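Numbers restart at 1 for each chain; the letters A, B, ... are given by sequence-line order, proteins then strands. Worth knowing before you read on, the calculation uses all heavy atoms, side chains too, and leaves out hydrogens, waters and symmetry mates.
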Amino acid sequence: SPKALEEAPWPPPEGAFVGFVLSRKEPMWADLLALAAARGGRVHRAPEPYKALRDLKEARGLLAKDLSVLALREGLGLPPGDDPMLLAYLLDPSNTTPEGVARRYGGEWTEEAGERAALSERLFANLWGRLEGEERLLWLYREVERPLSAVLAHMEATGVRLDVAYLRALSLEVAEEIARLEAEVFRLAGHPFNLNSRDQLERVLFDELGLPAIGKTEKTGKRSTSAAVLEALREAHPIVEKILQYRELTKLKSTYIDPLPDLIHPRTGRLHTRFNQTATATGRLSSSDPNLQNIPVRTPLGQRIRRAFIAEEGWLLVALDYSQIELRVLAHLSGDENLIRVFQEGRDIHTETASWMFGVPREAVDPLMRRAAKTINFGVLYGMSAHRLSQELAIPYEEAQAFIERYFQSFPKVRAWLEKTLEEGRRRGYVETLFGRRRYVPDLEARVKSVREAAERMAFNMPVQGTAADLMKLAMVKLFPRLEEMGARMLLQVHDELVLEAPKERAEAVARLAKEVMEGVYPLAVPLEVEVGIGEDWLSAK
DNA sequence: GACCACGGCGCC
DNA sequence: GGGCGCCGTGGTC
Ligand SMILES: Nc1ccn([C@H]2CC[C@@H](COP(=O)(O)OP(=O)(O)OP(=O)(O)O)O2)c(=O)n1
Ligand SMILES: [Mg+2]
Ligand SMILES: [Mn+2]
Ligand SMILES: [Mn+2]
Ligand SMILES: [Mn+2]
Ligand SMILES: [Mn+2]
Ligand SMILES: [Mn+2]
Ligand SMILES: [Mn+2]
């Protein structure tokens with residue numbers, strides 16, 4: 001039999017599938033080691049990869065977005081196009097890696113660019129075939145995921161400005177506060193130990209100081225030293241508050257204050273995350289290297305850190321955040337008339353819960369009190385126990401149970417939608433979003449109750465979180481070209497929030513426009529309301 | 001140096 | 001409660 005794949009000289013014809021090898025996975029930081037392309041039955045290998053990038057009109061193939069990011073870094077406008085990872089991810093969002101997708105759908109992810117190109121081509125063919133007749137998944141691919149990949153490449157290449165000297169100064173200040181706390185912890189324990197070691201702390205708290213253990217850890221069943229356990233022990237011994245404070249500051253310093261300034265890119269002078277498009281079971285994006293979707297916001301030090309994310313000189317940040325997003329989406333999905341009415345009347349369920357929680361009038365609820373109510377409202381919605389709710393609010397168990405009962409009694413059709421969702425997931429093997437994005441949940445049939453019930457909580461959540469994800473993605477695709485036209489920049493997505501950068505002279509017009517695009521994206525049974533703020537830094541913009 | 005699993009915890 | 005990614009530790013190679 002004749003050979004299946006022939007080598008031919010660079011450059012490839014238009015429409016070819018690319019393969020490429022990076023020195024490291026992060027495209028803003030990677031050296032392009034090899035580039036190749038495949039089409040029909042030929043493979044073309046680039047003599048010198050960087051120069052050869054200039055020969056391509058489009059990056060089509062596995063991880064197309066990442067090659068596009070690298071090209072943009074080098075000042076080339078090479079947009080991403082088809083990518084089999086996106087097809088695979090829509091078929092089953094457990095398809096998250098090229099290694100796994102290759103094995104499942106047609107071969108092997110190797111370390112050679114030509115092989116990667118040929119792999120890209122055959123995977124695309126095979127996965128296109130698998131989507132035959134999947135009209136809703138195809139619509140998601142063509143209208144959302146494929147165009148979104150080009151938006152994400154542009155965002156990644158743009159980056160965000162960081163106040164490096166501010167964070168360097170903050171490190172020195174927090175180091176002194178950490179030393180005070182750790183020293184006090186050791187004074188109170190009677191000796192030093194590694195306070196970063198939860199194993200060493202466990203022995204200190206429960207074996208040496210004789211404090212009561214409250215909870216156990218999941219995989220190894222050690223006595224937990226989690227914040228929930230420490231909070232329960234706060235009045236038992238003065239060491240506990242000191243450990244909580246030490247943990248707060250060390251978490252911020254080790255995760256954000258110290259690492260972020262070291263990640264400023266030498267070419268751009270900015271901070272560049274990865275927006276991972278095939279990483280979550282629900283259709284959300286993720287952000288990594290560094291994660292810019294978990295920048296602190298709740299504590300005073302945390303807020304200091306958020307102040308380091310700044311606009312370029314002469315620009316402003318614009319932050320837009322969907323109000324009460326998953327409660328609105330749930331209203332639509334469930335058709336609950338009471339929940340629909342809440343939003344028709346302009347009510348805020350987080351503010352109402354905060355009022356009850358803190359025992360103050362709604363007018364007296366401040367933003368951090370309202371924020372605290374989110375874990376309560378979403379926790380309860382998605383199945384939090386009365387035991388946990390009682391601990392979290394320091395109320396009697398019976399009062400926590402009453403809250404839970406009243407919450408679902410208020411929105412009677414939510415329970416009906418839960419049962420419909422679970423039956424469908426049992427029968428089909430998967431649950432789905434409004435747009436038809438699917439998540440397979442085989443443990444809905446598990447015979448171990450704890451395993452099955454966990455699966456049920458995963459399954460009930462997915463259509464709500466995932467529909468919210470679908471809406472935000474669609475909004476990004478519609479908004480991006482509007483911003484390009486106005487000389488504004490899309491910088492960050494944070495699940496139901498976008499952070500943009502706009503010249504000062506155009507910032508108010510950009511904010512107004514972006515708000516309207518987001519609110520009007522895909523109308524539901526309730527209004528989608530967007531909160532918008534403008535500022536020189538991310539804290540000020542919210 | 002690197003890997004991972006884990007506990008833990010930051011955000012949505 | 002659900003969804004993530006990164007930290008340091010500990011064990012390991
Ligand atoms: N503890 C949380 C916080 C958030 N989310 C999910 C549901 C809401 C969504 C977006 O987060 P927020 O913007 O913080 O929530 P919101 O209800 O949209 O609040 P806001 O009106 O302040 O934007 O992420 C969740 O499941 N659990
Ligand atoms: Mg938000
Ligand atoms: Mn590799
Ligand atoms: Mn400024
Ligand atoms: Mn929101
Ligand atoms: Mn459906
Ligand atoms: Mn741009
Ligand atoms: Mn984990």
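Listed by first and then second residue, the salt bridge (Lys or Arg N to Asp or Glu O under 4.0 Å) pairs involving residues 237-250 of chain A amount to none (not counting sequence neighbours).
Ring geometry for A/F378 against A/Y382 counts as parallel: the plane angle stays under 30°, on a 0 to 90° scale with 60° as the upper cut. In this pair, A/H265 and A/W29 present their aromatic rings tilted. The plane angle is within the 30 to 60° band.
In the displayed structure, A/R428 atom CZ is contacted under 6.0 Å by more than 12 heavy atoms of other residues, nucleotides or ligands. Around atom CD of A/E423, more than 12 heavy atoms belonging to other residues, nucleotides or ligands sit under 6.0 Å away. Applying the 6.0 Å contact sphere to CZ of A/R24 captures more than 12 heavy atoms from other residues, nucleotides or ligands.
Here A/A469 lies out of heavy-atom contact (under 4.0 Å) with every strand.
Against DNA chain C, the stretch residues 428-448 of chain A makes heavy-atom approaches under 4.0 Å through A/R439. Applying a 4.0 Å cut-off to non-hydrogen atoms, none of the residues of residues 208-243 of chain A approaches DNA chain C.
Rounded to an integer number of Å, the gap from CD of A/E392 to P of C/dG2 is 12 Å. As a whole-Å value, the separation of A/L368 CG from B/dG10 P is 14 Å. Rounded to a whole Å, the CD1 atom of A/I295 is 18 Å from the P atom of B/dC9. Protein atom CG of A/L333 is 19 Å distant from nucleotide atom P of C/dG2, rounded to whole Å. When the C1' atom of C/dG1 is taken as reference, atom CD of A/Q465 falls 11 Å away, rounded to whole Å. Across the protein-nucleic acid pair, A/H495 atom NE2 and C/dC4 atom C1' stand 6 Å apart, rounded to whole Å. Per the geometry, CG belonging to A/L301 stands 14 Å off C1' belonging to B/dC9, to the nearest Å. Summarising the geometry, the separation between CG on A/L539 and P on B/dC11 is reported as 12 Å, rounded to the nearest angstrom.
When the pucker is read from the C1'-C2'-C3'-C4' torsion, the sugar belonging to B/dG10 turns out north, on the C3'-endo side. Pucker assignment for C/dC7 gives north. The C1'-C2'-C3'-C4' angle has a positive sign.
Using a 4.0 Å cut-off between charged nitrogen and carboxylate oxygen, A/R223 and A/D207 count as a salt-bridge pair. Ion pair A/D92/A/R438 not flagged as a salt bridge, since none of the NZ, NE, NH1 or NH2 atoms sits closer than 4.0 Å to an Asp/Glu carboxylate oxygen.
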Open item on the list: Strictly under 4.0 angstrom, non-hydrogen atoms only: write out the protein contact profile of nucleotides 5-12 of chain C, one letter per nucleotide from the 5' end, B, S or -.
Closed with: SSSSSS--

Ignoring hydrogens and angles, write down the donor-acceptor pairs under 3.5 Å from the side chains of residues 177-184 of chain A, residues two or more places apart or on other chains.
from   : atom 1 : to     : atom 2 : distance (Å)
A/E184 : OE1    : A/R187 : NE     : 2.7
A/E184 : OE1    : A/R187 : NH2    : 3.2
A/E184 : OE2    : A/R187 : NH2    : 3.1

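The closest donor-acceptor contact from the side chain of A/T375 to the backbone of A/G379 lies at 3.5 Å or more, if one exists at all.
The shortest side-chain heavy-atom distance between A/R307 and A/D163 does not fall under the 4.5 Å cut-off.
Contact between the side-chain N/O atoms of A/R457 and the OP1/OP2 oxygens of C/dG2 is found at a separation under 4.0 Å.
Not counting sequence neighbours, the partners of A/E456 by the salt bridge (charged side-chain N to carboxylate O under 4.0 Å, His left out) test are A/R426.
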